[PDB]
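Chains as they are written, first to last, in the UniProt record's numbering: chain P, 675 to 735; chain U, 675 to 735; chain H, 246 to 307; chain S, 369 to 490; chain D, 219 to 735; chain L, 553 to 613; chain E, 491 to 552; chain Y, 219 to 245. Built from N, CA and C at the ideal position, the CB exists for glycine as well.
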């Protein structure tokens, strides 16, 4: 047994949009729930509730 | 008559949170509508549909 | 782009509340031929997207 | 396109009438640059240092700042009287606040000032 | 250096150098594996009243706290400090974790076998950036013990976030402590780090010798007039005539004064003698409280204000003072003799009495056909010109507290007393690294549950440097100092009994020297 | 009518700021004793007291 | 004006005061606040203003 | 160094620097 550690460096292409109206972003729901999303429950079991895909910002063709 | 132009420089305090679960952000609704939010209608009348307040990110006390 | 008329026909005027007005609503002042610029509302400088960019990402600004 | 607002100001008043202290200002008394077509007017300003406006909402309430697992070491007045046979007798009893009685934990801080309002519903 | 070379040397002495004091204290600690190495979500019980709801998490991490004064000062050291100094404050601190021990317990067959595990490690990290909820300064248990000999058990870290009753709102924050880089230690390693406090005002260790109401010269009259008498006799029936006078020794209550006492949020008054107190359950219904988000929360201790007027040592505010427990006191519903109730008579010169109303104010415009009426103020907000004294700090009392990160805090000195720091000493979190037992030879994606039982032990040492404001009084008659009683007793104060149990018999507050206003 | 305006919402500052509609707290107004029950009164207006913390009003677009 | 004022000894019972250590002490002058509204130069606070004596005024009950 | 000296220090943080991000994770 023992520890393993992986580090990765990622480059980014910053969003530069000049769109006027507000875009769509990813937000956790404001409403109350017995468990918060992406967190251990009463028995200590982490769980990813939904799949998150990278496409929320929009650009023209 | 004539043109007026005002420029302002604003300083920012970048969010540095180490929270694990995803935070709440401001997003326009995904659903279809006869008018998009924050845009001129059929007759060219711009309109701010809802008030937007600055408090969405969360920090501890 | 802005447009500026000639207010008060180029004359300073003294103005006050109406005799009928309740005591809470009395006032006395002047109206001037001058027009002023104001941009004290936030949307004057930020566009909705710009505003979105600002709130989502920053803890503070000034 | 917008229309420039018209400037006016209010000073002291005694009802409709204006008291002696009231100030009348002639705007022209101030030097003002005169522009013709093909001229421009620019000027620059730097704000004073001011505190950043918080664009965050706290994730922890003030009443809840303590650790749920460990009890405090300070005591509070839990129960003022205790049963004595059939009729209850005045006896003071103290306890240490814990998760069970969070409302009673000792705390360093107090909420913000309040001037109360009336409540109307949508 | 090596497995068999000690990481550090034990240090416990207080050394005084002019106006500076360094107090070092070393303790041995033990750290279990909390929550079986699993983060857990915790909340109040369905039955719990709405005032008692909460939602948060319990973490496998254990933290160090030393926010109690006796952790650093010995009773004699404390005596030296109060008698001699008008003020003091913390300057900087040094913290060390050395002689780390990790052991393994084999509990098969009803007999427990404990043995070294030189390979296993402890993860320690300091939250120097304050991205973790600060659980310090809430007067929790587990402080480095007052007595040096005692061994203590490291507290377990947990935190509370937003909640809507039992349920947790969307805004609630879940923090993974591991997400923070934490240095890993083996036996024969050490962890040290240093911190320097921010400039803060000295905590007054003096009690004023002059009351606020009395600051004037007894011999000379004022030159300002006050409304002495509103009406005067006119034959048989008295007539409305205004008369003015200059206040003097004779009518001291009337002298004009520049200053006002400190703000007051009023308390309920309960007496140490059972007889006086009313026979009813007013512990909560009669208590002074504030409201946040629909939850009534008891205001304890509350704004600093004297506990009792003259000759009323018998009384004390319901929740307006600190109350420490005598050694051996249980958790729930102890009798009065089992606690120690603190006493704030010192601040009465400038601070109101918690039980009494701040003042009287006139509420109606009088006239010929309407008598002059006034009403009491039980709650006065700060007004310009007020002066007050912050709450006292005791040997068993808290040292500091994190000022909440908000737009506005006014006079942000912790209400329990202590030093209100913006950037307080960072929380130190330590957790045994989990070690997996014999795994199954065939692969399985499910997470492990069969860890090797472990606990770690070792020494911890904290040093703090304190600055002093030496007493410079030119008073003629002798002052009041703190002295142990001359009389014989079966046990000396502040010492282990026949069975080796250290015990602090009484609370010691810093205010004995006196200065003028 | 109400539908013709937009009413702002300050739920964010509730963690440290009182609820505008509700009273700040309760304070005891009489000295109890054997023959006198313990009574308290609500405070609808509390001035700043030492130790208070609060959040300034939000700014909107 | 003597007439307006009520015919009673309210100099102390009716006065605004604060309490320190069980002693009621008159709050004079007290926090700065205007002495009278418009057109009420006739009135003044009981102990809310400064009062100087004209030259030659005695000590008690002038 | 030795049997009783830890080989490494635990790292898990993501740090953002302009258009670059470094994400480290230890298990």
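In this structure, residue 606 of chain L places its C-beta atom within 8 angstroms of the C-beta atom of residue 569 of chain L. At a cut-off of 8 angstroms between beta-carbon atoms, residue 401 of chain S makes no contact with chain U.
The beta carbon of residue 594 of chain L lies closer than 7 angstroms to those of 575 and 578 in the same chain, with the five residues before and after it left out.
Distances from the alpha-carbon of residue 316 of chain D to those of D:407, D:650 and D:602 put D:407 closest. With a cut-off of 8 angstroms on Cβ pairs, the stretch 237-253 of chain D is in contact with the stretch 287-300 of chain D, counting three or more such pairs.
In this chain, residue 300 of chain D is not harboured by any beta strand (DSSP E); it is covered by the alpha helix (DSSP H) spanning 293-302.
Residues are counted here when their Cβ sits less than 9 angstroms from a Cβ of chain D; for the stretch 691-723 of chain P these are 701, 702, 703, 704, 705, 706, 707, 708, 709, 710, 711, 712, 713, 714, 715, 716, 717, 718, 719 and 720, given in chain order.
Ranking D:265, D:499, D:634 and D:554 by CA distance to the CA of residue 456 of chain S puts D:499 first. Minimum Cα-Cα distance from residue 506 of chain E among the listed residues D:335, D:336 and D:444 corresponds to D:444. Taken through DSSP and simplified to helix, strand or coil, residue 260 of chain D comes out as strand. DSSP places residue 230 of chain D outside both helix and strand once states are collapsed to three, so it counts as coil. The contact set of residue 726 of chain U on chain L, defined by CB atoms closer than 9 angstroms, consists of 612 and 613 in chain order.
For a Cβ distance threshold of 9 angstroms, residue set 397, 398 and 399 of chain D lies close to residue 231 of chain Y, ordered along the chain. In terms of Cα proximity to residue 646 of chain D, the closest of D:549, D:652 and D:401 is D:401. Close to residue 729 of chain U, with beta-carbon spacing below 7 angstroms, are these residues of chain L in chain order: 564 and 610. Residue 727 of chain U places its beta carbon less than 8 angstroms from that of residue 610 of chain L.
Residue 632 of chain D is classed as buried because its beta carbon has at least 16 other beta carbons within 10 Å across all chains shown.
Within chain L, 599 have C-beta atoms less than 8 angstroms from the C-beta of residue 598 of chain D, given in sequence order. Under the Cβ criterion of 8 angstroms, residue 675 of chain U is not counted among the residues facing chain D. Within chain P, the C-beta atoms nearer than 9 angstroms to that of residue 654 of chain D come from 675, in chain order. With the criterion set as a beta carbon lying under 7 angstroms from some beta carbon of chain Y, the members of the stretch 677-688 of chain P are 677, 678, 679, 680, 681, 682, 683, 684, 685, 686 and 688, in sequence order. Within the same chain, 700 come within 6 angstroms of residue 297 of chain D by CB-CB distance, once the 5 residues on both sides are set aside.
Chain order gives the chain P residues near residue 301 of chain H as 699, where near means a beta carbon separation below 7 angstroms.
Distance between residue 324 of chain D and residue 668 of chain D, taken at the CA atoms: about 13 angstroms. Below the 7 angstroms Cβ cutoff, chain H contributes no neighbours of residue 412 of chain S, its closest Cβ being approximately 15 angstroms away.
Under the three-state reduction of DSSP output, residue 556 of chain L falls in the helix class. Residue nearest to residue 705 of chain P within the set D:387, D:622 and D:492 is D:387 (criterion: CA-CA distance).
Not flagged as an interface residue toward chain U: residue 375 of chain S, since no C-beta distance is shorter than 8 angstroms.
Close to chain P, meaning a Cβ-Cβ distance shorter than 9 angstroms, are the following residues of the stretch 255-272 of chain D: 255, 256, 257, 258, 259, 260 and 261. Residues of chain L with a Cβ closer than 7 angstroms to the Cβ of residue 288 of chain H are, in chain order, 613. Excluding sequence positions up to five before and after residue 259 of chain H, its CB lies within less than 7 angstroms of the CB of 275, all in the same chain and listed in chain order. Taking all protein chains shown into account, residue 696 of chain P has 16 or more neighbouring C-beta atoms within 10 Å of its C-beta and is therefore buried. Residue 382 of chain D carries a strand assignment under DSSP once its states are collapsed to helix, strand and coil. Contacts with chain U at 8 angstroms (Cβ-Cβ) include residue 393 of chain D.
Against residue 250 of chain H, chain P offers no close residue; the least beta-carbon distance is about 30 angstroms (beta-carbon pairs closer than 8 angstroms).
For residue 586 of chain D and residue 446 of chain D, the gap between their C-alpha atoms comes out near 19 angstroms.
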